[PDB]
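Chain residues, written in single-letter form:
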Protein chains: 2
Amino acid sequence: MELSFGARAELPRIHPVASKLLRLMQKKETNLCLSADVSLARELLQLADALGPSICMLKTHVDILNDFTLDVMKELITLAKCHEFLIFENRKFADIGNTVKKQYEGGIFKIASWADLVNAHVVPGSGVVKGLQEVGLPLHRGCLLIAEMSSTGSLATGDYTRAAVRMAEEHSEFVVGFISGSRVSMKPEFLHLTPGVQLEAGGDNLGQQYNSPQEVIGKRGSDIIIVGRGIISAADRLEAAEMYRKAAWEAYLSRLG
Amino acid sequence: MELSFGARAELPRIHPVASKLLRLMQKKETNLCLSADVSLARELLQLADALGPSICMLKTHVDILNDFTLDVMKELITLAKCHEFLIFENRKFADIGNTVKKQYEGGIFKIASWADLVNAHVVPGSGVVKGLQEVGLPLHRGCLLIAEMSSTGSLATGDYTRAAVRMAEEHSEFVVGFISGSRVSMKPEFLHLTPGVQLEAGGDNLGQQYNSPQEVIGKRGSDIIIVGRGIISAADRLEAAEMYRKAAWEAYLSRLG
Ligand SMILES: O=c1cc(CO)n([C@@H]2O[C@H](COP(=O)(O)O)[C@@H](O)[C@H]2O)c(=O)[nH]1
Ligand SMILES: O=c1cc(CO)n([C@@H]2O[C@H](COP(=O)(O)O)[C@@H](O)[C@H]2O)c(=O)[nH]1
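Method of determination, as annotated in the archive: X-ray crystallography, at 1.67 Å resolution.

Now the structure itself:
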């Protein structure tokens, strides 16, 4: 039946990036992804260093960093290697393949040079994956497909979600999992990462909706929680991260039995 | 029945950005949007200057510019004002409102400071529009919603397309039209902009599919053609732009009768 993260890391069809992730999740007893939604490089780096031991992944929006430089990403990579977490740039590539390939490799951000993982919306059809793959496969990177969204009015439901799952399963050499609210693939080689997570019930004023780690990992069968404001707006971000880590980890263990 | 671009510019419910666009389209006899998919600021600017008289709009992907600076955008604005065209950043905002508001205003690109128009995918629900509006309305900007896509396997069909149209029509203070393959709204106050356009039949190797200006403007009832490689890969980009302009303009006139 259900396998531990450590065993999933060894599955025949596992992607190397997924394997690296699954192994460090097991080693560190963390299935928490920090959503580092900050505008200052110094804050990003100080969070990455202090919280690194508590997280399996740090999710970036590099396009909201007021003082982005590639040197900032070099320093982030140093922390990622030191503390053992992956870097996930939440770029949401969402256009024709020819365009996304350039967006992934080029420009000022050079996302493919530092990001272990990126994500894509599936709305354009499988060309979005094919374009990204042309850059990501040579660079030994992975991709997540957005199969469901956390926000009110999300159209990523029903046949749309099914299409995302098929697209992932048909591009397993590059696609390693999903942004989703629940387990959407029955194949254990794929990771499920779930945003819209806080300990307390609520939402924001712009359509975000929250569920708890126990709900999303335990009841809905996801693997990793993505948490932004629940941690970032807290006074003690380290303690907050530990609370989220312990919640997500125990929900995982209990579901494993 | 059908109104000229000039008359549409005066409609009671017209958005000011739409009005400005419609008036310059009529004045200049152009419903061509150049997709300036280049990596060099100098090429971007030289295209903008030479082709400015032939276009109603210049569409950017600032994240593929290797030498982006805000000064480049200042120079682009100077050309836009001189030649009378709008600047459209094809950012495809596609996340929860709280995130997109920061992506629109902030970061290195400060998109809202220079872009007349941006676009958004509707997959997250109407929060994507609400978040963007919080920045764009004060700055007197407009937004386009992606109702259909040109690429093979597009999921922007059926109820998804209907949802995009409703979302636009319910946020008319900020949303001024669509990226689509055809007329999708029956309300003349909304613009339809159509990518996937070349004179010759064909596609690319990454899921792009082409139709002609006569097909998309004439038969499918769209307003503006978005053209990248058909112009940019041509030797004489000025002549190419003129060919596309004259095609799209005559298709418009004939449909007007
Ligand atoms: O459906 C989604 C998809 C994404 C992409 O990961 N996100 C992102 O997770 C994070 C949630 O942050 P929060 O915990 O502060 O709401 C944000 O960066 C948001 O853009 C969501 O919140 N919901
Ligand atoms: O459905 C879409 C949506 C977009 C967003 O505008 N686009 C964009 O139009 C342009 C088409 O370029 P081409 O004429 O070279 O194919 C590209 O920048 C591509 O990213 C499309 O090609 N199709």
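*Asks:* Give me the lowdown on the pattern of salt bridges, citing residues and values where you can.
*Replies:* In the structure shown here, the tally under the stated rule is 30 salt bridges over all chains. Measuring nitrogen to oxygen at the nearest pair gives 2.8 Å for the salt bridge that ties A:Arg237 to A:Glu43. Remark: A:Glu43 occurs in helix α3 (residues 41-51) and A:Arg237 occurs in helix α11 (residues 237-256); sequence separation between them is 194 residues. The salt bridge partner of B:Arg255 is B:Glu2, with a shortest N-O separation of 3.3 Å. Remark: B:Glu2 occurs in the segment before α1 (5-8) and B:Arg255 occurs in helix α11 (residues 237-256); sequence separation between them is 253 residues. It is possible to trace a salt-bridge network through shared partners that takes in A:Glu2, A:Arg8, A:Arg183, A:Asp223 and A:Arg255.

*Asks:* Can you break down the site of ligand 2 residue by residue, with the values?
*Replies:* Near ligand 2 you find 17 residues, and of these A:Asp95, B:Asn90, B:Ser150, B:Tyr210 and B:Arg229 are the closest. The environment of ligand 2 is shared, with nearby residues belonging to chains A and B. B:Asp37 has a polar side-chain atom sitting 2.8 Å from an oxygen atom of ligand 2. A distance of 2.8 Å separates an oxygen atom of ligand 2 from a polar atom in the side chain of B:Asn90.

*Asks:* Account for the packing of aromatic side chains, naming residues and giving values.
*Replies:* A complete count under the given rule lists 16 aromatic pairs over all chains for this structure. Ring plane angle 90 degrees and centroid distance 5.0 Å describe the contact between B:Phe68 and B:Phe109, whose orientation is recorded as edge-to-face. Residue B:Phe68 is located in the loop between β2 (57-60) and α4 (70-83), and its partner B:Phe109 is located in the loop between α5 (97-105) and α6 (111-114); the two are separated by 41 residues in the primary sequence. Accessibility classification places B:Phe68 together with B:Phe109 in one group, the buried group. Linked through ring pairs, A:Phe68, A:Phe109, B:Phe68 and B:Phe109 together constitute an aromatic cluster.

*Asks:* I'd like to hear about the site of ligand 1, residue by residue, with values.
*Replies:* In the neighbourhood of ligand 1, 17 residues make up the surrounding shell, with A:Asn90, A:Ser150, A:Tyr210, A:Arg229 and B:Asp95 lying closest. This site is not confined to one chain, since residues near ligand 1 come from chains A and B. One of the side-chain N or O atoms of A:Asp37 is found 2.8 Å from an oxygen atom in ligand 1. Contact with the protein chains covers 99% of the free accessible surface of ligand 1, which is 500 Å².

*Asks:* Can you explain the interface of chain A and chain B? Please cite residues and give values.
*Replies:* In this complex, chain A contributes 47 residues to the contact, which on the side of chain B involves 47 residues. Summing both partners gives a buried area of about 3700 Å² for chain A against chain B, and 60% of it is carried by carbon and sulfur. For chain A, the biggest contributors to the area lost against chain B are A:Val123, A:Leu155 and A:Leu206; these three give 19% of the whole. For the pair chain A and chain B, the number of links is four salt bridges.

Calculation criteria
Residues numbered from 1 in each chain as written, not as in the entry; some residues may be left out. Chains lettered and ligands numbered in written order. Heavy atoms only, no water. Salt bridge = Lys/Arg side-chain N within 4 Å of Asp/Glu carboxyl O. Helix = DSSP H or I, 4+ residues; strand = E, 2+ residues; numbered from the N terminus. Near = heavy atom within 4 Å. Polar contact = N/O pair within 3.5 Å; in protein donor to acceptor, adjacent residues only side chain to side chain. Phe/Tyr/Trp six-rings, centres within 6.5 Å; stacked < 30°, edge-to-face > 60°. Buried < 20%, exposed > 50% of the residue type's maximum accessible area, 1.4 Å probe, protein only. Areas by Shrake-Rupley, 256 points an atom, 1.4 Å probe, with all protein chains shown as cover. Contact = heavy atoms within 4.5 Å. Buried area = accessible area lost by both parts, 1.4 Å probe.

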